[PDB]
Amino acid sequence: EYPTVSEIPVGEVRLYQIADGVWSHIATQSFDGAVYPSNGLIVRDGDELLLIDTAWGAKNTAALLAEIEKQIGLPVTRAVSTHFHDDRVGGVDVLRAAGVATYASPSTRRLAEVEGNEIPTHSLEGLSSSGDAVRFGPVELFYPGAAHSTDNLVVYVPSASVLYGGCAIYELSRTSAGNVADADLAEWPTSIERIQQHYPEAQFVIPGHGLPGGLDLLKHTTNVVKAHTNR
């Protein structure tokens, strides 16, 4: 049901309806001779859409916008990037050129600039301290603390009980740590516990890569991170 790498030729984007007015977007990138899927989120707000994360690159993000227009037909008016790496901000320039207002926390914007990555236009206030939450249209944005990266945000859709964890939450099939070059391994389990504490009612949990599940993805991610810590 949920699409995988083999259903998505590189350059294409699939959409998957999770609930009324909530979709994930799924795209792929080739890297070091392997192919990786990547998820973002789309949330309806009246007659407009809020986009969470690019589709990992200019080409994929252009295709994302075309697929949204084909299948949903509502304008993407705002986008939020959940951390500074290329799989979340690569494509921001395409969004900006298409008239989408792009957003990230000020920490994300600064780290993106340092990395030479694309930089969302607007700065999201009120997310600088672990445990901070703000409403942004139809979602709540939450800063759980440092995890996969120091700036990583998660997104909750209260109407649908959908929790999008981005790259701070691993799919179940991933049992080894990913790229953790910018991670806070020491704080990551604590940050995951803040997510559990704030969204214990979540029914659908979307990882940054791979298959959705339930809140079981949180403790799974903690297990993987702790195993890596003790490597």
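All residue numbers are counted from 1 along the displayed sequence.
Peer 1: Decide which of the stretches 148 to 156 and 83 to 91 has the higher mean C-alpha B-factor, going by the entry.
Peer 2: Comparing averages over the C-alpha atoms only gives 83 to 91.
Peer 1: Quick one: higher average CA temperature factor, 70 to 78 or 131 to 139?
Peer 2: Stretch with the higher mean C-alpha B-factor: 70 to 78.
Peer 1: Check the PDB entry and point out which of 32, 171, 184, 53 has the largest C-alpha temperature factor.
Peer 2: When the deposited C-alpha B-factors of 32, 171, 184, 53 are compared, 32 is largest.
Peer 1: At the C-alpha atoms, which of 199, 188, 164, 36 reaches the highest B-factor in this entry?
Peer 2: The C-alpha B-factor peaks, among 199, 188, 164, 36, at 36.
Peer 1: In terms of the CA temperature factor given in the entry, to which third of its chain does residue 27 belong: lowest, middle or highest?
Peer 2: Within its chain, residue 27 is a middle-third residue by C-alpha B-factor, going by the deposited values.
Peer 1: Using only modelled residues of the chain, where does the Cα B factor of residue 58 rank: lowest third, middle third or highest third?
Peer 2: CA B-factor rank for residue 58: highest third.
Peer 1: Of the three thirds of its chain by CA temperature factor, lowest, middle or highest, which one includes residue 214?
Peer 2: Middle third.
Peer 1: Hey, what third does residue 192 fall into on Cα B-factor, ranked over its chain?
Peer 2: It belongs to the lowest third of the chain when residues are ordered by C-alpha B-factor.
Peer 1: Please rank the C-alpha B-factors of the chain's modelled residues and tell me whether residue 97 sits in the lowest, middle or highest third.
Peer 2: It falls in the top third of the chain.
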